[PDB]
Every structure is written in C-alpha cells, then in structure tokens.
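First come two forms of one protein chain, each written alone as structure tokens, so that there is a structure 1 and a structure 2.
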Structure 1
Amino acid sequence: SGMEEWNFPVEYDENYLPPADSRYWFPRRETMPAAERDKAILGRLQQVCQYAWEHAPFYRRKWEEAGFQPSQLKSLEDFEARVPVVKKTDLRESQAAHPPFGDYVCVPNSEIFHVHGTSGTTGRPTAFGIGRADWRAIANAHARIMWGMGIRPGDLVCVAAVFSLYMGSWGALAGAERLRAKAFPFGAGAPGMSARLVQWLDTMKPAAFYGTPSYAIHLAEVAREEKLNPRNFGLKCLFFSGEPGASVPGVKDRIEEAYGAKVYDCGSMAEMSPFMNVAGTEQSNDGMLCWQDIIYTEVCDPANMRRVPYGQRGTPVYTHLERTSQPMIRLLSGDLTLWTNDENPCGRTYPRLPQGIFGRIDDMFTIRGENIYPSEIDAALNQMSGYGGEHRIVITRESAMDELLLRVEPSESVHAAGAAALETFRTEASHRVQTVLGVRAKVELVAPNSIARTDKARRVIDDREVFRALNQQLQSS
C-alpha cells in the first residue's frame, strides 16, 4: 500500500517530522487512490472487529444479538449492512453495569493513562479511559492534521478552551506537543480569564488559536473593551471544534474579519478522539475533510445506517482504526452533513463535508460548545418537589455566546408559600440544572399552570439568528 506507519496496534515514530517543503505530513496516506486506501481500511476494520470480539464483551453481546461475526466482514458493504450502530445510550448502560469504563474498554486497567468524560446526563456521568498508546495515536493524528492547516514546529499555539473532562482542549494540546509547536494552554472558564487572555495574546502574538467559534467572537469584543487590536495578535490561523460555526458564513467571516486570519473547522465527537478526523486543510479551508485512514466516517441514511451517495445528506457514523482503548465501532453521531468526493484544492483524496456539520436527527443542541439533551433537563427538573410539572427552553445568542433560558413552572404549593419559597425553588432549579448540564442556564419562573401540556412535547425554541436559515433549509431538504 505504501501507507506510512500502517499497523494495528499503531506505534508512530515520535521523532518523525515531515520535510519543510511537504504539504502532507503523510504524503501516501493523504493522496493515495481512495479505492486503494479503502482496501486497506477494510483490512483494518477486520483487525479492529476481531480485536473488539476478543476484548469487549460489549461488542460481542451487541454483534451476537444483531447476528454479526467478524468472519462475515468481507467488504465495506458487509460493514454497513451487518455491523449494528453503537448509540451513546448503549455506552452509558455498559458503564452502569461495568464501571468505570464499560465492557468496551478492551485494554487492561494498567494501560489507562488519562481519565476524561462528559457532562449532560442525570445519574452517573460517562467516563473516558484513554490508554497510553491511544494518547500517542491521538497526539500523532492531531499533529498530522494541524500540519495540514499550515501549523508548523515552533509556532505558538494558544489553546483557549477549558482544560477539564472534555477531550477538545487536550486533543489540541496533544496535537501541538507532537508537532513540536510551542503549546500555550491558557484554558478557559474562570470569569476574568478572557480579559487576561487578550493581554497574553497581545504580548505572546501566537500563530494559531484553538477554541469554540463563538468564544473567538466574544474574545474579539473583550480585546476592544481592553483597548487592544485583535488584528495585532500575530494570528495565521484559528481552528475550532465543539459547535457549528467555523463552516457558517455569518460566523466564520466575522472571525476572519476580526483577526485577519484563516479559520478552520474541525471536530466530530469526544468519544471519537482523535476528534480532528473531520477537519479542514489550508487549501481545502471551507468545511471539512474526512481523514478516512485515522477514523472511518460513513455518512448514513438514518433509516438503515447505510452510506448515502456523494452529494447527499446523512448522519456521520464513525469507526476507530487506531485505538485499543474504548474503540468505537460504527458509533452513530446523530448529526447531519452533506458529503462529496470531488477533487479537493489541497490534493487530499478524502471525502469532504463542504458545509461542515449541522443539525441533528434528535432534539440535542449545543450551548457554548456543550451538548444539551432536553430529556436530561426534564429528568433534572422532575427530581425536584417544587417543580410544577412543566417548562420551556429558549436558546438565544443576543451577545457573542449562547444563553440557555429555562421558563419553569413552580408547584401551586410553592407559589402559595410566597415570593421567598418561589425564589428558593428558582435558585435550587438553576443549581441542579447547571450541575447536570455542565453549563450555567438562566432560570425564570412562570405561573403554576401557564404552559401548554402536549402528552412527545416540543419544549425547545432555537432563537439564534445565525442558525435560522440553516434550520429552515433542513425543512426544505
């Protein structure tokens, strides 16, 4: 095949840096005939499915009840048709039965290097247990993809996303470290951090910046209040993940204008680290490329989980080709995208997402880069005695970043107990909701029976102008 350092389990040369003239970090893997890479991906899929069958009782159970065995994997058509999709709810149930990391972890406990996770659910939150070898594989894949964006060794890379449970910032960091770039992990989340960060960007003048697209808009506003020019931060490129925006003109163009630098979209899911497997390149700067030999992406018809033709829309379904810990095999994203397989300006022979990722097959939405499930807001409110049985969700972006508004009904008893009791229920609901979601929601009370009861109810209003036209087009096609 000629594919660079192509084996499972993967074990990249940590000293490899491509020649300075090279556009591609791995010229063969990135430009080889797609049909040839597809033969190699099938070969890999077979090893990964065999590996999961032997080390993941989660997959053995799932595949047995679907009537699938690794011996039945003969083509990519067998892969889409026979292998059932994994849902995030299955992953959550596996961990409830086999904590801390489910019976899909595969690796022994002694191999676990970092513990990360997610927020958003009531009950026990899901944990990520990333093996030592997978951390190196993620670092190596991200450095390759960041090289694709024009980021080079020695470049100062500002990671201005929270360093906590979430894989986003850790992935951009691990990528910067492997690239021999000067990683600058400023982080995020403490009120006051933005005013200090703009001083550090004016002083350090990094070549690259990573965060959420809306945070970069917020930071431009902060730099101006701080009497700083964001055009003088020395930025060559900004790359974002966590939410839609970097492939949306009314978002991307405002960032390119504020900073005078190119913006790159990247990012699938945290369960899919290396999450930059979907990422734009310096020449293919609009939307994202599907880096198929790192993670195998299939854009699927959600009714049958089969690949849609190119030029068509569907839901991304992902498979780890280079992970031994918690490998995801056909994980259903639930997102929507249009994929195409035309000639890319950068020369990479990868499928493309020309407008990035937008929209969902379910009722999930994002608030400041955080996934929000309305069923989870409903479960959190129903755990409260003072809850009056009904609520409404209003999403706005009146300033640079999202605001989540909850209009909650108090019980009649709480309302009768007076203004003090009412205010106590509101603050307790806000505390409970924030602990569950991982983000601050704004909570307001309405009259005890003022909201309509529709016994499934559609409680969410997405009032974000920047996504309105995109939400209407999902209703046209």
Structure 2
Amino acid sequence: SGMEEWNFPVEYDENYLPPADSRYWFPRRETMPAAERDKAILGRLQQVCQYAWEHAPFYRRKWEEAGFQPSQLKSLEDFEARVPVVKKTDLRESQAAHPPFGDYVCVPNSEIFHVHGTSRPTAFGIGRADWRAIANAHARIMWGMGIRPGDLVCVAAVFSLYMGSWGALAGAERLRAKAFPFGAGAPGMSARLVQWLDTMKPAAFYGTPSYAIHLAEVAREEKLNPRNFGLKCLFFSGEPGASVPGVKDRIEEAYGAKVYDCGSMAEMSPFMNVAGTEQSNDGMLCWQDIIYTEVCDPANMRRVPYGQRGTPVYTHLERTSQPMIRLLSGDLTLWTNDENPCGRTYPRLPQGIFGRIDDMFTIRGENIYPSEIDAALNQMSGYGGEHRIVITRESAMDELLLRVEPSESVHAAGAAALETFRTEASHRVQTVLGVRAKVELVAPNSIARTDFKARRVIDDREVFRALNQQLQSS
C-alpha cells in the first residue's frame, strides 16, 4: 500500500514533522487512488471488528443478535448491509448495565488516561494510546489547514467534559505549535481574550462558529478591531456555521482571515475526521483512513449515491478504547466524490453538515432545518447577529415564528427603518423556505450570545401560543 505508519493498533512516530514545503502530512494516505485506499480500509475494518469481537461483549451481543460475525465482512457492501448501526441510546444502556464506560471499553481499566463525556450523559474512558492516535490525527488535519509548527493556536472552547477543546489542543501540541488553551465558559473571559488576541496576535483560532461571532462583538465593545489579531485562520466544530453561506462570510470579513469547517462527534474523537483543507476550503473532506465515514439512507443504513443526502455513519480505524463501529450520527449531509482543489482523494461534504435530523421541524408540509433560517438571516445587511425560532411539536404549525434582532444602525435609523427590516426579513425567509414567516423584532443585543453551541429553537407550546397571539394582536 505504501500508507504511512499503517498498523493496528496504531503507534505513531512522535518526532515526525513533514517537510516545510509539503502540503500533506501523509502524502500517500491523503492522495493515493481511492480504490487502493478502500481495499486497505476494508482490511482495517476486519482487524477492528475482530478486535471488538474479542474485547467488547457489547459488540459481541449486538452482532450476534443481527446475525453477524467478523468473518462475514468480505467487502464494504457487506459492512453496510450486515453490521448493525450503534445508536447513542445503546451506549447509554451499556454504561448503565456496565458502569462507568460500558461493555465497549475494550482496554483494561489500567490503560484509561483521560475521562471526559457528554452533558443520560455518557462517560468517555480514553486510553493513553488513543489519546496519541487523536493528537497525531489532529496535527495532520491542522497541517492540512495550513497551520504550522511555531504558530500560536488559540483554543477558545470550554475545557471540561467537552471533547472539542481537548481535541484541538492535542493536535496543536503534536503539530509543535505554540498551544494557547485560553478556554471558555466563565463570565469575564471574552473581554480578557480580545486583549490577549490583540497582544499575542495568533495565527489560528479554534472554537464554535457562534463564539467567533460573539467575540467580534466583544472586541468592538472593548474598542479593539478583530482584523488586527493577526489571524490567518479560524477552525470550528460543534455545530453548523463554518459551511453556512452568510455565517462563513461574516466571520471571514470580521477577522480578515480564512474559516475552516471540521467535526463529527465527541464519541468519534479524532473528530476532525471530517474537515476542510486550505485549498478545498468549502465544506469538509472525509479523511477515510482515520475514520471510515458512510453517508447512509436512514431507512436502511446503506450508503446513498454521491450527489445525494443522507446520515453520516462512522467507524474508528485507529482506536482500541471505546471503539465506535458504525455509530449512527443522526445528522444530515450531502456527499460528493469529485476532484478536490488540494488534490486529496477523499469524498467531500461540500456544504458541511446541515444539522441533527431531530432538530428539523415541519411547517405546512415543508421540512426546515434551523441552519436554513440562520443562512437566510445572515445574508441580510440589516440583521443584528441573533434570532430565536419559536415552535411547537405538540401540534401542526401553519406559519414560522421568528424573534429577530435588527442591527444597531437599523435601530438608530428609526421606526420606519425597523418596520422595513422586519417586513424584508419576513419576505426573504418566505422566499427561501416557501412558507409564511411571522417576524417579531427584539431590541439589539437583547438575545443571549454563547461561547458554546447556539440553541436558537424554543420548542415550548406555551411560548409558541403566547407569541402567535401577541403577533396576531399587533
């Protein structure tokens, strides 16, 4: 194959740095013919399934129930058809029956290096060897974004149970960058961060796309210009935004830098297994030799053709602790397999990930993802940076209820200017979605901003009714 450090269990050279003039961390693995890589992925898939059969009673039980044993894996077609998908709910029941890490932990208790989790929540018991496999995978993908040794990398997401921050830090450390783990979550942190960014001038920033927006507003309140933070790029995970039309454009303009999308799931660390590159900068590439991504039809858990939408199903190829085999994300995306500008021979998610299928709501037979609303509003000059979607899942909705902020300049322009914006926002959303949208304007900067994941949907029946009645009155 010629694939660099290709073995299971994996064991990377910690002293390797690619040549300064190379675009790729691993030229072979990253640019080899996709058919040659798929044969090796298949080979690895067999090694992993044999490993899980031996060390995980969770997989042994689940696979026996679905009529599967690792020997029946003779092709990628066998994998999608015979191997049952793992659900997040299955991980919970396993952890409840086999505490604290479940019957899929595999490694002995003595090998566990870090404890993290979700916030029923699940605990991540990550082995020392996997932490190294995560750090190496992430340094490689960060190198792909043009991040280099000696670059100051600001990691600005909460350092707690959440894998995002730890994952970007482990990659910064392995890349021999100057890791700056400022973190997030505490009051007063954002006002302090903009001063640190102004002084330190980092080459790269990590966090959520929502935090990058809130931070530019904080920089402005603090009379600092975020274009003067010396940023070459910002790379995000945790929610949609980095591949959202007007959202990506707003962040790139605010910072005078490039935005990269990355991130699958915390259970799927190394989660940068889906990530854009410096040249293939729109959307994300599926780094197949790190984690095997399948975009599947939710009705049968089989791959959809390229050019079609489905749900990502993920498999670890380089993990011995809590390995995930066909973990169902429950998210929606579109994948293609056209030539990539960076020359990496990987499938692509050209529009990133639209959102979680469960987050979608229906209004008059029309299916709507919150990211579609965020996209339409961010492409408007008068939009103030925040909104809330007010829905009900208890009864059918005839119209979409939006609470939207106008900009401070639209507000300063007076009552007619505010009304013009409100009617224009209503029309634009109606044109994009093909559904009636009622817009209530709220005062600039009244809606809560976040340094984590934005929760713009208010699914409360009482709140929905109160707003519809209030909008019907005015």
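Think of the rigid core as the biggest set of C-alphas that the two forms share within 1.5 Å after superposition. When a residue number appears, read it as a position in the sequence of structure 1, where counting begins at 1.
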Of the residues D301, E390, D78, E256, superposed on the core between the two structures, only the C-alpha of one moves by 2 Å or more, and that residue is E390
Spell out whether the Cα of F365 moves at least 2 Å between the two structures when the two forms are superposed on their rigid core.
yes
Taking the rigid core as the reference frame, tell me whether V446 has a CA displacement of 2 angstroms or more between the two structures.
yes
Tell me, please, whether between the two structures the C-alpha of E30 is shifted by 2 Å or more, with the rigid core used for superposition.
no
After superposing on the rigid core, how many Å does the CA of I461 move between the two structures?
5.1
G356: Cα shift between the two structures after core superposition, Å, came to 0.0
